[PDB]
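Novice: an experimental structure, sequence included, is below.
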Amino acid sequence: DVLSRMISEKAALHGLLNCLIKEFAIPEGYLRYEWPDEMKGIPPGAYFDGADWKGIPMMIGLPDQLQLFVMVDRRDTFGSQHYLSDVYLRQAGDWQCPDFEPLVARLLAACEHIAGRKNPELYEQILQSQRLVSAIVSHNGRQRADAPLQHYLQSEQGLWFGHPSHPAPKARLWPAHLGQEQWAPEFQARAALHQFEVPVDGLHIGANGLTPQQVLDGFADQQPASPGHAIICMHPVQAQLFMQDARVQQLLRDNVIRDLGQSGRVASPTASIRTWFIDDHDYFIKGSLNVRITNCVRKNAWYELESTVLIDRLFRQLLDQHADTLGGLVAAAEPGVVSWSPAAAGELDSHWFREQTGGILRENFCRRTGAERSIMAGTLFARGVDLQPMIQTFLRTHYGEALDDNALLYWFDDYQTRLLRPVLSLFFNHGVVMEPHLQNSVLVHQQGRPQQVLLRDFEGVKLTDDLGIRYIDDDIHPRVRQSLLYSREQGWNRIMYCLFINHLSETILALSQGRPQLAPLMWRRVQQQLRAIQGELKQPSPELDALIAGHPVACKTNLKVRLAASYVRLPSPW
Ligand SMILES: Nc1ncnc2c1ncn2[C@@H]1O[C@H](CO)[C@@H](O)[C@H]1O
């Protein structure tokens, strides 16, 4: 419990170092792998461990007379390293090791001068995200370290620390008056979804291979509705919000719509917070929620609600027909979509409604892929309750004995074939831009042995203006078309940050913990894959050649955005 607090700070602190490094120090060149002149204030124990140094000295010149020292376990062009000491800072001066709060005060404080822009909210958010993490750790701190990985839902609920490179991972600014512990996957949160009785004339249903009626069936047991009516459901938090609107009030006071209880299915919220998982239900429920959670506000905007539909119909046309050109793609359907809005409301309203009431079903792929056989990547490669990459002990148990270097490179290599081949085939063959970061990705495994890397999330999916866009069957609202349209370098920036800096960087960092020498080998294995896959592509790919030949990699900046998205340029690992 004090231990708990201290684990949460080390995670939240390392998370923040990751932003600082990747988003400022490496791109703006404030980083040096060198010992300081004076060590006064840094205790031997911080950098010497009896035998040898605790790794490599890392130094940042934060351009305001402030200096930062930290022992890292490796040199890394992406910033992906393990921090093997506390953090120390200077002025004059003498090195010091301030508590977590003043340590955040101060790092942040410097980040602001480097970015010219300040965010007082972000600060209070950082401590919030950290405080939750304590509670989280504290609640789960007695479990087998790797239990998260044993089971799909549990891996959706063992992402104890959130975004590895994010200043406020667990911060969820909804009305504090609605709690926090009861809407957290990480507290094993469960809840019967909030429902509403609405008349069938306002329904907007998008289905693919599914009857309008079957979509409804998916979201809510349609029975309790009187005829001419239907049952939508929402996040219970969304439900309070959505009921705040003068508009809805009116609707309620006029019995145009009935507010049923939290009376829907009992589901568990997923790591994405507003998606819900019912075991052996054919679908997840991906509802909206007007709350900032990490970056954005998790509404399905009205146009996004149309586009899921098209993307699904797209992904099937392709999977059905263009198999070979997809490098092995496995994707979760988003086959059905529902929203409601008063029959006669005029579109500033109609829209507003459909985005409050928006719902999207995702195929519960655990049915195709087996509960105990599929693990959410972000968790696959996360640090468990002891700040130890869970992947290690998971594999050690699946492969009987401890795994030598070459086992680990093999493993890594089966993995990354199956993440790279589909993402990149999708991009260059079709202009379909995916968002394959750690959370948008689920590993399917035959007892350790990677089978598929399932991808999902059509919100994230965009289409390139020269290519991807062409699968758009043109009678599409100009606003919808606008949400899908990525410029091809806009788009390649995403694919780059996602596969490389968010996903594999981290996959690597997880496996090579304790064995940094594995890092560079792994990336070299990456680079061959890059070339072999290219050899296979059926369209040109200059940006790929660029990358293979070691040109710099795009990296989305989480912290800088919140302070002043912006992508910065990080040196290739090769
Ligand atoms: N490594 C990650 N990258 C992107 N999103 C993540 C990551 N880990 C967790 N998430 C969660 O996934 C959602 C982003 O789609 C957010 O709710 C975010 O908090």
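Specialist: Structure's in. What do you need? Numbers count the residues shown, from 1 in each chain.

Novice: make it CA atoms for all contacts and neighbour counts henceforth
Specialist: OK.

Novice: which parts of the stretch 1-150 of the chain are helices?
Specialist: Taking DSSP state H, counting those that start in this stretch as the criterion, the stretch 1-150 of the chain contains helices spanning 2-20, 44-47, 100-115, 120-140.

Novice: tabulate those (TSV), appending mean neighbour count and distance to the ligand.
Specialist: Converted to TSV, those look like this (neighbours: other Cα atoms under 10 Å; distance: least, Cα to the nearest ligand atom, whole Å):
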stretch	mean neighbour count	distance to the ligand
helix 2-20	20	11
helix 44-47	15	29
helix 100-115	16	20
helix 120-140	20	11
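
Novice: quick check: longest helix of this structure.
Specialist: Ranked by residue count and defined by DSSP state H, the top helix of the chain is helix 405-430.

Novice: packing partners for that helix?
Specialist: Helix 405-430 sits against strand 432-433, strand 449-455, helix 505-511, helix 518-536, with contacts defined as 3 or more Cα pairs under 8 Å, 6 or more residues apart in numbering; DSSP states H and E.

Novice: and stretch 174-184, how far out from the chain's middle?
Specialist: In this view, stretch 174-184 has its centroid 21 Å away from the chain centroid, taken as Cα atoms, centre = their mean, to the nearest Å.

Novice: ah, wrong one, I meant stretch 298-312
Specialist: The chain centroid and the centroid of stretch 298-312 are separated by 19 Å under Cα atoms, centre = their mean.

Novice: again, but for stretch 538-549
Specialist: If you compare the mean C-alpha spot of stretch 538-549 with that of the full chain, they lie 26 Å apart, counting by Cα atoms, centre = their mean.

Novice: same check, this time on stretch 122-134
Specialist: The chain centroid and the centroid of stretch 122-134 are separated by 18 Å, computed with Cα atoms, centre = their mean.

Novice: residues in contact with that stretch: which ones?
Specialist: By Cα atoms under 8 Å, 6 or more residues apart in numbering, the surrounding residues in contact with stretch 122-134 are 1, 4-9, 12, 101, 104-105, 108, 160-161, 167-172, 562-563.

Novice: dump the C-alpha coordinates for that stretch into PDB.
Specialist: Output of stretch 122-134 as PDB, limited to C-alpha atoms (Å, rounded to 0.1, in the frame of the first residue of the first chain):
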ATOM      1  CA  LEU A 122      -2.200  18.300 -17.500                       C
ATOM      2  CA  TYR A 123      -0.300  18.600 -14.200                       C
ATOM      3  CA  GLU A 124      -3.300  17.800 -12.000                       C
ATOM      4  CA  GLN A 125      -4.100  15.100 -14.500                       C
ATOM      5  CA  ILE A 126      -0.600  13.500 -14.100                       C
ATOM      6  CA  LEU A 127      -1.100  13.100 -10.300                       C
ATOM      7  CA  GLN A 128      -4.600  11.800 -11.000                       C
ATOM      8  CA  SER A 129      -3.500   9.200 -13.400                       C
ATOM      9  CA  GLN A 130      -0.800   8.300 -10.900                       C
ATOM     10  CA  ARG A 131      -3.200   8.100  -7.900                       C
ATOM     11  CA  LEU A 132      -5.400   5.700  -9.800                       C
ATOM     12  CA  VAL A 133      -2.500   3.600 -10.700                       C
ATOM     13  CA  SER A 134      -1.700   3.200  -6.900                       C
END
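
Novice: and the strand ranked longest in the chain, anywhere near the ligand?
Specialist: In the chain, taking DSSP state E as the definition, the longest strand is strand 258-269. No. For strand 258-269 and the ligand, the contact criterion (Cα under 6 Å from any ligand atom) is not met; the two come no nearer than 11.2 Å.

Novice: secondary structure element holding the residue most central in space within the chain?
Specialist: With the centre of the chain defined as its mean C-alpha position, the nearest residue by Cα atoms, centre = their mean is residue 439, 3.7 Å away. Under the criterion of DSSP states H and E, residue 439 resides outside all helices and strands.

Novice: tell me the phi and psi of it?
Specialist: Residue 439 has phi and psi values of phi -90, psi -30 when expressed as degrees, to the nearest 10.

Novice: apart from its chain neighbours, what residue comes closest to it?
Specialist: Once flanking residues are discounted, residue 439 sits nearest to residue 378: 5.2 Å by Cα to Cα, 6 or more residues apart in numbering.

Novice: which of the three states applies to the one you found?
Specialist: Under the three-state scheme (DSSP: H, G, I helix; E, B strand; the rest coil), the conformation of residue 378 reads as helix.

Novice: near the ligand, which residues of the protein are found?
Specialist: If contacts are counted using Cα under 6 Å from any ligand atom, the residues of the chain sitting beside the ligand are 162-164, 169, 272, 293-294, 378, 437-439.

Novice: neighbour-wise, which of those residues leads?
Specialist: For these, the largest number of neighbours (other Cα atoms under 10 Å) sits with residue 378, at 27 neighbours.

Novice: in this structure residue 140 contacts residue 386, no?
Specialist: No. Applying Cα atoms under 8 Å as the test, residue 140 and residue 386 come out as separate, 10.6 Å apart.

Novice: can you give me the helices in the stretch 151-300 of the chain?
Specialist: Taking DSSP H, counting those that start in this stretch, the helices of the stretch 151-300 of the chain run over residues 152-156, 212-219, 236-242, 246-253.

Novice: touching the third one from outside, list them.
Specialist: Read it as helix 236-242. In this structure, residues lying in contact with helix 236-242 by Cα under 8 Å, 6+ apart are 178, 193-194, 248, 262, 288-290, 356.

Novice: cool, and the second one?
Specialist: By Cα under 8 Å, 6+ apart, the residues outside helix 212-219 that reach it are 205-207, 222, 230-233, 282-283, 285, 336-338, 359, 361.

Novice: among the residues you listed, who's most crowded?
Specialist: Each of the contacts of helix 212-219 was scored by neighbour count (other Cα under 10 Å); the top score is that of residue 285, with 31 neighbours.

Novice: beta-bridge partners for it, please?
Specialist: Beta-bridge pairing of residue 285, defined through DSSP bridges, involves residue 276, residue 361.
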